[PDB]
Structure formats: structure tokens, C-alpha cells
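*Asks:*
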Amino acid sequence: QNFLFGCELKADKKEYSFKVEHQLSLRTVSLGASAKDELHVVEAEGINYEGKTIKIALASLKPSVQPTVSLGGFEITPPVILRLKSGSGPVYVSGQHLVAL
Amino acid sequence: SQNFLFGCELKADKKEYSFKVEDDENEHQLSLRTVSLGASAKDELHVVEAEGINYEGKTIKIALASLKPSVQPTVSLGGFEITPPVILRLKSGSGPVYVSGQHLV
Amino acid sequence: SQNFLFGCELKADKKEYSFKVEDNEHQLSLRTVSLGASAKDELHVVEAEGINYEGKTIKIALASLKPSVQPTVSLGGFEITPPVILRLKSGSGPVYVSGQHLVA
Amino acid sequence: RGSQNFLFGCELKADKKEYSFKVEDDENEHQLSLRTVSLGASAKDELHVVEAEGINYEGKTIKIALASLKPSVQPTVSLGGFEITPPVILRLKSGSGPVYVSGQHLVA
Amino acid sequence: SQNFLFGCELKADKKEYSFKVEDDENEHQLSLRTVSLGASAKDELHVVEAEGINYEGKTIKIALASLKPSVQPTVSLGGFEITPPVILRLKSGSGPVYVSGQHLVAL
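If you want it as C-alpha cells, here you go:
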């Protein structure tokens, strides 16, 4: 089954934690109307193939250059934290929460 | 699997498009492909959002794209499949914005 | 399925391209829209015209491009059922549309 | 996914405008899946256009434009896996290059 | 199949990332998702290349992306799968450049 997913990362609330008791498929990352005209970096933190915790950079966005990046359905296994690493925000992430059996 | 074209135009006097379907004996999905700015759009940031129910039963609004005529007038979503009901809305910016995709049955 | 190249050129003088077939099932999968070297520095809008799920003919905007801002857009395999018209709603062109014609 | 995938790339430039992709009668179905087109560091600031030349479904050779790129506007376009059955020629239709094309050679 | 997060950072200090898998019996792929420029990247073209095997078993270098902070800071590759082993390399520019993606395992 396939549900809408989204989160907002901002100075207030730099992180979103995807957990639960499934797959997230990330679709776009985009800067809100009010973001400072500067580079924003959004990162994902989770476990790699070795079982080590890593931080990976998903996108670098700037309002006057590239305010949206489309990820094409980047599937991630829970758990993952999405975080605004730099830039004012707000930054949005959209995608799907997929459930199977 | 039938595949039909899908589109809508979001503009100042019509900021929403309601994808709802019903009394079908048939499963419906939309797969969004592009969001694009029309010619007369003000050169300012435009934001299009989707409003629908999440995995935990709560209506949410998610941002699909931020576009700007002089910077990035089209964004490709690559087949963002959404289950009905869903509202697409022009959250901010003037000028008309378009969404294109597919309506699968 | 098998896979063959698809393309067309749209410009102010040749604004429309009609995609039709007979036969096998056919689908057109669009991949890129791009602006040609000689296109004017202005917005070019490309649209598709074909049927919606209720049988009514609609027109949908595939892409807005401009040589000095975004000369190409990748559609990522936008599958369309024949027949469809592709049209240059605005802009000088030339604009190119590329993709696959899939046959099964 | 499924069958085997190998890396594919070529470079196109003013003095080397074409790359011809052909597969020998070996056994298997072969696909060339195009992933990216990007401009090299040295490329002049002008539009560069890359086209592909191959078979339509009527068996006739056609030329289609894959991407228009410019260093100071849009130096890379991801094609997301535009599969093409060999043979096909990739050509720098306009501009100086260098241009690179990347992708996968798929074998089943 | 399995899907794990993958990432690496390439910069003038460390221009290469080597993706190998310890021989096992299963199919691994590195599926590349995005390449993006870090906060301190200088404003010049950055070019990331991959070096790996072609269909004839010969090692080739192929350019994946060209990025520049004031024109195009991020490129999505949309799941460009490559069979190990592969080196990813900053073929020019300063970096930092980051690559994200998935390490896929099947069979």
C-alpha cells in the first residue's frame, strides 16, 4: 500500500526521524518560499551494509539556483533520520511511505 | 492496466485540483510526472503541495515542488504515484502552474 | 516488449506532431524535451493532447523550457497510450521530444 | 535489475563528433541504457546538443535529440535510463564539447 | 533483496572512493542516487568520474556528473547501478562533492 509522506526541516526542528513498528521512497526535496538565498544541505543518517551508522548527503539546494531536486524514488529502510545540515530552511521532503504485508 | 493522460492547471482563481474517484469497481492511481510554470507566471517562487492521508490516518500537506521562472520553470517528479483522494494546490506564487502525469486504472 | 527510438521536432512553422499507430500493443515512453541551438531566448511550452480516463480530450503541459535557464527536461519515461498529439504551445522552437516506442 | 550490467561511456568533441555503439553476434539481447550527459571542464560556454541515431519501429534510421546542455546554465542532464537497442550512433550535433555520455550496457 | 544506505565524500584531500565487495556468492550493486556539492566547494566545475569494467572486461573511466555551486549544485542520477568493483573519483574541481545511493544485495 502507498501513503503520502512529507516532512518539514527548519531552524526549529532540523530533524525528522522515520521509525515505526516498510519503506520510505523519497521523491523531492524543495526550499520553502521564505528560505535565505544560500546553500542548504539535507542529509540522511542510517546504517550501511557493514552495519556502521553513516551520514550521507542527499541534496544541496539554493533558492536562486536550484530550489527543488527530484530524487526519483530513493528507497530507504527504517530507521533513518533526515536532517537539515546547513542553511536557514525551511526545506521540505516529499515521498511515499510504502507498506507491504 | 489502462493508462490515460492526466493534467491540471492551478491558478489564482483556481488554486486547487481535487483528485477523487468513486463508485468504481476498479483501482485508480495517479503518477505525477512534471510540474511546470506557464508563460505569464510572475518571476517568483511558486510552491505546489499535495494534501492527503498519511500511513497513520492523519491528513497531511507535503510540498511537491518549488519552481521559479528564471531559475527552474519545470521539475520532473519521475512518476510520483498517489492514491485517491488527493488535493493538489498552489500554496504560493501567482501565475498559472501545470501538473502533468498519468491516470492508471 | 521491444524498444525503438521515437522523436520529433516542433517549431513555430511545424507546431504539432500526431503520434498514431495500427498493428501489437503500442506505448510511447517520453524521455527528454530539449531546445535546439537556434531557439530564441524565451519560454517554450510543450503540451500533449489525448484522452483522459473518462474519454474526454484534454491538453496537459509536459514542460516549460528556456535556453538560458533550463534548455532540457528529462521526463523519465512518461508512458502514453496512442494516439497523442504533441504541440508547441509557445516559443520559436525548434524543440525536440525524444523517447521510446515500445511494442508488445 | 535481472541480467548483467557493465559500465558504458564515450566522449564527443568538435574533432571527434560521433561514437558508434554496435554489438557482435554473441548470444543475448543487448541494451544500452543511457544515464547521464555532462560537459567537460574545458567546454565552451555555448549550447551543446547530443543526438542519437538509430532504428524506429518501421526499421528506418532516425535522429533524435537527447539533451541540450550549457556550462553556465545546465552542465549535466540525467536521462534516468533511456534504453536503446543497438546499433546506435551518439553525435555531438552542435557545440565544441567535450561532452560525455555515461550509462550501462545491459546483457540478457 | 537488501537495500542499505551508501555515501561517500570526495575532495582534494581524498579524491577517490573505492567500492569493493568481499566475494560471496551474492549479487551486489552500487546504485547511485545523487551527487551534490558541499558547503565549502569553490565556485568552479566539479567533475565526478567512475572507473569500472566494460562489457569486454576492460576498465574504463566514465564521467557521471559535472556540477558547479552557482549553476547546478546537485544532480540526481535516479539509481544508476554499477557492479563492483568501482572507483568514484573527483576528476576535477576542489570539492567537497558527496555521492549518495544504495548498496543493493540479492540472490
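Protein chains in written order, with the numbering used here: chain Y, 88 to 188; chain E, 20 to 124; chain P, 79 to 182; chain X, 1197 to 1304; chain V, 4 to 110. Ideal Cβ positions, reconstructed from N, Cα and C, are used throughout, including at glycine.
So that I know if they touch, is there some Cβ in chain X lying closer than 8 Å to that of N57 (chain V)?
*Replies:* yes
*Asks:* Kindly list the residues whose CB is nearer than 6 Å to the CB of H104 (chain P), restricted to its own chain and excluding five residues on each side of it in sequence; keep chain order.
*Replies:* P160, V181
*Asks:* Excluding sequence positions up to five away, which residues of its chain have a Cβ less than 8 Å from the Cβ of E68 (chain E)?
*Replies:* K80, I81, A82, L83, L107, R108, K110
*Asks:* Could you spell out where the beta strand (DSSP E) holding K142 (chain Y) opens and where it closes?
*Replies:* 140-148
*Asks:* Cα-Cα, which of E:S85, E:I72, E:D32 is closest to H184 (chain Y)?
*Replies:* The option with the nearest alpha carbon to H184 (chain Y) is E:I72.
*Asks:* Using only alpha-carbon positions, find the residue among V:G104, V:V102, V:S97, V:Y101 that is nearest to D46 (chain V).
*Replies:* V:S97
*Asks:* I'd like to know whether the C-beta atoms of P177 (chain Y) and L96 (chain Y) end up nearer to each other than 8 Å.
*Replies:* yes
*Asks:* If I measure Cβ to Cβ from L110 (chain V) and keep anything under 6 Å in the same chain, skipping five residues before and after, which residues do I get?
*Replies:* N29, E30
*Asks:* Can you tell me where the beta strand (DSSP E) with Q1300 (chain X) in it begins and where it stops?
*Replies:* 1295-1303
*Asks:* Can you list, in chain order, the residues of its chain whose CB lies under 6 Å from that of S181 (chain Y), leaving out five sequence neighbours each side?
*Replies:* Same-chain partners within the cutoff: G93, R114, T115.
*Asks:* DSSP beta-bridge partners for residue 1186 (chain X)?
*Replies:* A question about residue 1186 (chain X) goes unanswered here, because the residues of chain X that appear run from 1197 up to 1304.
*Asks:* What residues from chain E crowd round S168 (chain P), counting only those whose CB sits closer than 7 Å?
*Replies:* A58
*Asks:* Taking 7 Å as the limit between beta carbons, can you name the residues of its chain near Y131 (chain P), skipping five residues before and five after?
*Replies:* none
*Asks:* So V186 (chain Y) contacts chain E; which residues on that side make the cut at Cβ distance below 8 Å?
*Replies:* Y74
*Asks:* Rounded to a whole number of angstroms, what is the C-alpha to C-alpha distance between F1278 (chain X) and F82 (chain P)?
*Replies:* 11 Å
*Asks:* Could you compute how far the alpha carbon of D42 (chain E) sits from the alpha carbon of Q88 (chain Y)?
*Replies:* 20 Å
*Asks:* 8 Å is my cut-off, CB to CB: does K87 (chain E) come that close to chain Y?
*Replies:* yes
*Asks:* Relative to the alpha-carbon of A58 (chain E), which residue among P:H122, P:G114, P:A115, P:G133 has its alpha-carbon at the smallest distance?
*Replies:* P:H122
*Asks:* Are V90 (chain E) and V167 (chain Y) closer than 8 Å when you measure CB to CB?
*Replies:* no
*Asks:* Using DSSP bridges, identify the partner residues of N6 (chain V).
*Replies:* Beta-bridge analysis with DSSP links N6 (chain V) to V:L107.
*Asks:* Going by DSSP, what residue range makes up the beta strand (DSSP E) through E94 (chain P)?
*Replies:* 94-97
*Asks:* For my contact list, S142 (chain P) and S55 (chain E) are in at a C-beta cut-off of 8 Å; report their separation, rounded to the angstrom.
*Replies:* So it is a contact: roughly 4 Å between Cβ atoms.
*Asks:* What residues from chain Y crowd round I79 (chain E), counting only those whose CB sits closer than 7 Å?
*Replies:* Within 7 Å Cβ-Cβ: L91, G93.
*Asks:* What does the alpha-carbon distance come out to for the pair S104 (chain Y) and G1198 (chain X)?
*Replies:* 33 Å
*Asks:* Do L96 (chain E) and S157 (chain Y) have their CB atoms nearer than 8 Å?
*Replies:* yes
*Asks:* Distance, Cα to Cα, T135 (chain P) vs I101 (chain E)?
*Replies:* 23 Å
*Asks:* Does any C-beta atom of chain E lie closer than 8 Å to the C-beta of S96 (chain P)?
*Replies:* no
*Asks:* May I ask which residues mark the beginning and end of the beta strand (DSSP E) holding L107 (chain E)?
*Replies:* 105-111
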